[PDB]
Amino acid sequence: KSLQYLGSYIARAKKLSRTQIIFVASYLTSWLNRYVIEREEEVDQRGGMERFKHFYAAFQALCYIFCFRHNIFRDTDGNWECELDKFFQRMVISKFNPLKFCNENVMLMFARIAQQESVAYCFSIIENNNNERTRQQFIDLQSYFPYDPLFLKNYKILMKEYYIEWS
Amino acid sequence: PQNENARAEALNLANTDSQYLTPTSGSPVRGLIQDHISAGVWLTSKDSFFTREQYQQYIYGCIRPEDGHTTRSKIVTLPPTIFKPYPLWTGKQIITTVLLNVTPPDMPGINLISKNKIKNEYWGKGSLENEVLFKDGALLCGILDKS
Amino acid sequence: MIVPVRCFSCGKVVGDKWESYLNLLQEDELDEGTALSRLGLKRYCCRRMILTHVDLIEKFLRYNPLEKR
Amino acid sequence: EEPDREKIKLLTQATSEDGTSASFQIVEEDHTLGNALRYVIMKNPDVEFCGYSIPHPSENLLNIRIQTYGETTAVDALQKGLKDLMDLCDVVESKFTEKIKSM
Amino acid sequence: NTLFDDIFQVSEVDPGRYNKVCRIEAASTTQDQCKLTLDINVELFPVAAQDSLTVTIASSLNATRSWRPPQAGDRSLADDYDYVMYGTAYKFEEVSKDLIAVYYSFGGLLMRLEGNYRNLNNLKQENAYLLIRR
Amino acid sequence: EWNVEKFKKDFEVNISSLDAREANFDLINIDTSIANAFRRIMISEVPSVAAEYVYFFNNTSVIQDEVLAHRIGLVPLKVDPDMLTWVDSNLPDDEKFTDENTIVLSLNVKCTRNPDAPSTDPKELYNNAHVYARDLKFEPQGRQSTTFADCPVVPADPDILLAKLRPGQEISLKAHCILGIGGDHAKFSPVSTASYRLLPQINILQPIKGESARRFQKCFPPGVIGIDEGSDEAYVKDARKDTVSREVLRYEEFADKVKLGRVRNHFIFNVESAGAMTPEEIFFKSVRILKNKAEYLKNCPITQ
């Protein structure tokens, strides 16, 4: 929940610096510089992906930034901060198949964004999940977002600026 | 019962499985009683010739990995006892299968010599269906009874 | 009490063939082996029911308090 | 728009990773289609194991278990059987309509 | 491969309280100190008295992992011989010298050979077939 | 491999005797688990109309409340299904029974003292003494009149006695038809008995010519064995005519000359009917319930 709480703090807060959002990706993506060495080797051991519900918890939140923060990290020279259009290519085409263990709605939005700006081309592997596929604790927390657009119309007077709108 | 010092006792001390032998003279008190005992001398009889589709069905009807009875996490079958005309299984080979599949794989098979209450002459010319002989976890000879 | 409506085993309708059954006995002097048979009862589950039926409703109807005497 | 996702309920704790040994638990069933499907699954030569079970006859339960040899998951052998349980009723009706109309 | 091969001569076909299984008894024509005491499913394979068997015990067909029922196009050692079982030898015994008399349990169908040179090539392997031609 | 289009070349149907209450038809070369499943539907899963709900207004008679409530429910009401829809009884009475699920019946019978002259019969001594079940009157509720102009509700067996009444007693109740199936209650059975039996096969072993042929008739039902002489010593005319008696396996002279046993692939389905529907169409309400019991598995998401 805290890796889900952290994911929606960053993409729903307006007064944080653009060098402070890379500070998340200085450690959250660096957390994926640690799973790539250590625990990419238990999958060939006879075991499913039910043990890695901690791992796909935070991996949702990094794609939850990517579904929102897209027009922030341009430069003039046509690059991205630590190759943003190359990091989500590597950790999806691995031998973990995150397309099934991420939600469809969060992959409906990971696909249209990675088609316009040419980030990922996992579309034919999104299509390859009908012949590839207890359970309730992995669908709700891939849909519970702690900073939802609030039903209360009155408290948003105090939070018109410090809470981000859709776009 | 109402707390956890007692729920462990009802699972470890005074449960049914530890009360298999009587504490009087060590005789057993569990066991099938009327239906299956006289039923079992028909499946273990020599004329039991199951076909292919029945053989898994009598196995799967008593063994379910879904409810979690097995140890191997997959129901394994044996080769039939007739090959060339029409492949038929045998009921002694069913008791061979249900000893294969609820017993742990780390230990090897069973070996047992035992008698019956059926005297040998009831089956014809002096055949040996009184001597119930288990070897390597198989019902190789003998019919299963109250004994 | 009265004739049962369906047979207790098969599921064929029985109750319309009880007062239509005594009119093969009080009149034609038939035996039950033809009297049950001429109606249509031909399974013995539904042929030990019209034969056997006690019909004690008549001994109840003599006890009516909704009538003078 | 409504899926009834409670009929073909696939238990997973007795399921192979590759899907060649699947595990169901079918409600609104008993020996009705339990043995009508078990006959038709076992005609598929790829199927290695198919029994249907009932844990307790009181409620509606039908644990069936397909296991295959290779190159076909057990759910892909289920849906051949339910395709060949329907096509039987194509045969039976047009060989029983063709005899009522033939007298 | 083949462990044993002979031709026997049926004398007794005991019906004996069964509807399908008859305890056959026979002895050979080639050798004389060798016999048979075999249960066969006489429903599938009718055996009367005064006949000629061919009791050939093989060790496999011509390691394979899984027994699967036959596909269309293979070739087996069981192709030519009309009735094939499977069983283990569960007891070895010798009556005297060159009168060694083995046992078997062909699935719950007891067999008893007896002889002198079969000590060479009948181990108590858990995979040992049985075959009959003609 | 077993093709299902080889199954069509090994599936024949011999309809023997087709009547509007029973049909006796054959199923050649089908399985004891497919042909059971047809028989498994025709008792239970076929829909048939009866009455669960008996609203008494007035009844003072001898046959009490729940008993005559019971015996109305056992009446096969000649109501064709697919002209009602299914109730949805998860909500209370205000919209539970509609004008489209429920057919509504009423009973009004009053018995009086009829003066008549002579041991005296009860039909002439009283006016309306015996509550026959042709006294059930269809109340057309709602719009059940623009389309019931050729299918009015009549009970299928009208002469069912329901109660016997004495003067003073009356029965006033209101009955509600419910569309049901024969797993819940027996009273929704669409059949008398839809059972099959299986074709026996009698094999002579030794030729039984002469005196062994003439005494061989009396072991069997008659229209089965045909014996003439030494030539035409015996044969079987039709074993379908022969129920399984096994009288011949009492005789010691014949206990080794013959073989009795079924042909395992010739199902003689003889489906009768209670009266609600024809047997030769409730069998079509089992060749199309099976076909629509597979689509509820097939076109359905395999959960988890």
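Per-chain residue numbering starts at 1, and chain names A, B, C, D, E and F are given in the order in which the chains are listed.
Everything that follows uses one rule, which is that contacts are C-beta pairs under 8 Å (C-beta built on N, C-alpha and C of every residue); 3 or more make two chains touch, one makes a residue touch a chain.
By chain, with names taken from UniProt: C = DNA-directed RNA polymerases I, II, and III subunit RPABC5; D = DNA-directed RNA polymerases I and III subunit RPAC2; E = DNA-directed RNA polymerases I, II, and III subunit RPABC3; F = DNA-directed RNA polymerases I and III subunit RPAC1.
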Contact-richer chain pair [A-D vs C-F]: C-F
Chain C and chain E, separation of their C-alpha mean positions in angstrom: 67
Separation of chain A from chain B, taking each centre as the mean of its C-alpha atoms, in whole Å: 54
Centre-of-Cα separation between chain F and chain B, whole angstrom: 43
Centre-to-centre distance between chain F and chain D (centres being mean Cα positions), rounded to whole Å: 29
Contacts with 2+ other chains: residues of chain D: 11-12, 38-39, 45, 48
Where chain C touches two or more other chains at once, by residue number: none
Chain F residues counted as touching two or more neighbouring chains: 304
Chain pairs that touch, as defined at the top of this document: A-D, B-D, B-E, C-F, D-E, D-F
Interfacial residue positions of chain D with respect to chain A in the complex: 12, 17, 73, 76
Residues of chain E touching chain B in the complex: 14-21, 23, 39, 41, 43-45, 67, 69, 78, 81-88, 90, 105-110, 126, 129, 131
Residue ranges of chain D touching chain F (in the complex, touch as defined): 3-12, 26, 31-33, 35-36, 38-40, 43-45, 75, 79, 82-93, 95-97, 99-100, 103
Chain C residues within the chain F interface of the complex: 1-3, 5-6, 10-13, 15-16, 18-20, 43, 57-58, 60-61, 64, 66-67
Touch list for chain F against partner chain C, complex: 60, 62-63, 67, 71, 74-76, 113, 130, 133, 156-164, 166-169, 186-187, 189, 191-193, 272, 274-275
